[PDB]
Ligand SMILES: *[C@]1(O)C(=O)N(Cc2ncon2)c2ccc(Br)cc21
Ligand SMILES: *[C@]1(O)C(=O)N(Cc2ncon2)c2ccc(Br)cc21
């Protein structure tokens, strides 16, 4: 009973957070085995950020210029390399708390937990989604760069995001753990604008299924629709178009509730056209799109 | 930049979760030092829950009837006692991962993180508030009892809640770590109704301050009000009355934004009277009341 925006338990990731300092810049790092991963802009001053040439700035750096502190103890840096927008600092000690892990590059619409950190110390955990415009709406302050996003499958942590930037609109941008940015963003203090932040239709549908499972059923209408008809409305309301791949992943939710996917589409279509009329679904006055169909299944089934 | 419903990092609490089984009933336990705390109804069958006499049911139980498993290893129970609605199982091994901790009984309106668990294993973390009617709107399924709620001050975990019950309306009820229920609820499968779930006014104001700090300023009106005038409106809209104690705790937010507390009250008064008019504040189409003034300060200042 009940439905919450829930993050993964963060312990496995807390045990990987370190502080990385290069000169006067301090950021967060992720220590997995004998490597510390961190944003490459840890080498920049505020002035360098306006127009950095990272390869050039890296020529002036040796292993001993990167200070890595795990808890209150210093790790010895024995190698360093730049991979896309991340630096990989080889340390002489494997992290004893390294969980089983993978690096995954997620698709727009996918959710993940963020462990917001400052000075290598965790401050909080929250749930995000990779927006269709490849930004995330996080909660980050100065020194948050290097905080990571992740999903957990039983005992394996799949790291999918590292925080690198804040757009002038207050939305956030970053990379996967191979240092490749999501979307067209660059790690530079230059004004970068985001594209249309459309609604993640398959996630809204999943959340409407979660609402039906938890008793909120007022919005269920007497209609059905087709994928093409639904998508004309989705396009008009800046919703992502729904594909048969999205219908497929909603199959278990359709099976549990007995509500055909296209019937839920028609109910969503009416909600877009009529609005909520001052009503709420799962305590929300708007349609929530940061629960994937897997998140709803996980939460509604009690996966640990 | 950005503002999120954020939970505390849960690692310190994950290291305390154990599974407790008594006969055929399995629930979660909290292992701190050499004691495991769990709901006393771990001794009940489904039939016992309809009308339990816990002292009587406890006469038939010895130390060896409580099976406590930490990870995949069995702890030896060397004592047991009932304190209000919790059982305390003395084990022969102190939890090596016991964080610094306290047991605190929170007041209505206070928020905390819940680490939802099943079979002693964490499934997710989310942020809750103790409602003014002493229920919480959690996300709990079968076997979730024994999951705890907590706050963290630097390195000290203040445990404030243990999950014991689900009301027939799907809202939740439980105790502090001394086993005393919040509100009038009893650990019995009998229909129990909740009182009026009013809005936590001081939390809404704190969240309006967070909105102003993050750039959402459309709702700021040209009015002021008094505590008495504001409270007439608060009472009409099922909002908690605002006291000078609440104005006091909003002082730092008032100072950071230059918006007097009573001016924010007048802006809230107009929002109650006019509604949102299809607009959102911090991505919400309703007024959020599960951020305390301390949560807003913590999040907006980056406390770790
Ligand atoms: C990154 O180094 C960092 O910590 N921040 C601060 C921030 N505030 C909000 O989101 N991030 C940051 C901002 C901009 C850049 Br180009 C890098 C960083
Ligand atoms: C408690 O033992 C438990 O795990 N549950 C299940 C539950 N589902 C949703 O919230 N809790 C429970 C329900 C009712 C009682 Br009286 C005790 C428990």
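Using the numbering of Swiss-Prot, the residues shown for chain B are 3264-3567, in order.
Any Cβ shown, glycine's included, is placed from N, Cα and C.
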Candidate set B:3353, B:3532, annotation ubiquitin cross-link, source Swiss-Prot, matching residue: B:3353
Of the recorded positions B:3268, B:3304, B:3353, within 10 Å of residue B:3408 (active site, nucleophile) (CA to CA), in sequence order, we find B:3304
Provide the number of Cβ atoms within 10 Å of the Cβ of residue B:3408 (active site, nucleophile), excluding the reference atom itself. 25
Roughly how many Å separate the Cα of residue B:3268 (ubiquitin cross-link) from that of residue B:3304 (active site, for 3CL-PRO activity), to the nearest whole number? 32
For ligand 1, pick out the recorded positions B:3268, B:3304, B:3353, B:3408 that have a CB under 6 angstroms away from one of its atoms. none
Using DSSP with the three-state reduction, classify residue B:3408 (active site, nucleophile) as helix, strand or coil. coil
Interface-adjacent recorded positions, chosen from B:3304, B:3353, B:3408 when a CB lies under 8 A of chain A: none
